[PDB]
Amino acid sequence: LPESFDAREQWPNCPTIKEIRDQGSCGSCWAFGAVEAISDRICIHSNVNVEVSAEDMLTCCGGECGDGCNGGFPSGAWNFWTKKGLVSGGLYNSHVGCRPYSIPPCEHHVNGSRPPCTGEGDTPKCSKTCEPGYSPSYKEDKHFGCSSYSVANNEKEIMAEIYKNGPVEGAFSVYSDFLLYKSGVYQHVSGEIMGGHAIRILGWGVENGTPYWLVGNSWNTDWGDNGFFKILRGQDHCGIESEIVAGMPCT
């Protein structure tokens, strides 16, 4: 395996890999890390390009994935992709795809032109229909996964999975000092525990002798390093290597 790897550079024909979404004022990171990595993989393993709907995952999976905007289970999200499939759906107000995200973007621990994010956000309804004007139907727009698995808490196995099959979804414990991340390799030193946070791991590298994971957050582009961040790799730091999940698209 190479010393560094950036899925963005390795799969140039898959622009979703470079995208950063905004989960809005809703605890839907579990769903976002999933649809983001799924969008990347559909492109990687089908050379088709599709913005997988965070809305479809968030609203229609149900108990199998947890509790919507109240948090969920990453592995459960990939299961939904294989069982019910996922329709397309772009950013809030984009009118792209069957079911675009319905929760407005906001400022995540940063100042900006958008309204500040709030904790209170209700899970939207599971509507099995597409926005007006979009074709095909909701049912016909479903994209299915043909496998859903969990990668072991093993640095090398995780790197190999990304190297071969593309970005994966992971999760780590967020402490308050992470909220102010701007650059460099994040290492937890202080702050009260905020809770688990699901994200998308798309690569790895070494910065100033410090090995790290290249990660895409779902708090828009004005948070962190253009929406991305790097976190210590190899020591299951904050559990970053303890909850890796992925899957492969059908055909």
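Throughout, we count residues from 1 along the sequence that is shown.
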Next item on the list: Please count the deposited residues lying between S190 and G191 that the model leaves without coordinates, and give the class: none, 1 to 3, 4 to 9, or 10 or more.
Entry: none
Next item on the list: Can you let me know which of the two, 157-165 or 105-113, has the higher average C-alpha B-factor in the entry?
Entry: 105-113
Checklist line | Higher-B stretch (mean Cα B-factor, as the entry records it), 2-10 or 240-248 | finding: 2-10
Item checked: Member of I201, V50, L58, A34 with the greatest C-alpha B factor (per the PDB record) -> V50
Checklist line | Candidate residues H143, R99, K125, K139, the one whose C-alpha B factor the record puts highest | finding: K139
Checklist line | Among modelled residues of the same chain, the CA temperature factor third for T221 | finding: middle
Margin query: Going by the CA temperature factor in the PDB record, which third of the chain does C130 belong to: lowest, middle or highest?
Written below: highest
Checklist line | Cα B factor band for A171 (lowest, middle or highest third within the chain) | finding: lowest
Note to self: Please place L86 in the lowest, middle or highest third of its chain according to the CA B-factor in the PDB entry.
What the structure shows: lowest
Margin query: Please say which third, lowest, middle or highest, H45 falls into when its CA temperature factor is compared across its chain.
Written below: highest
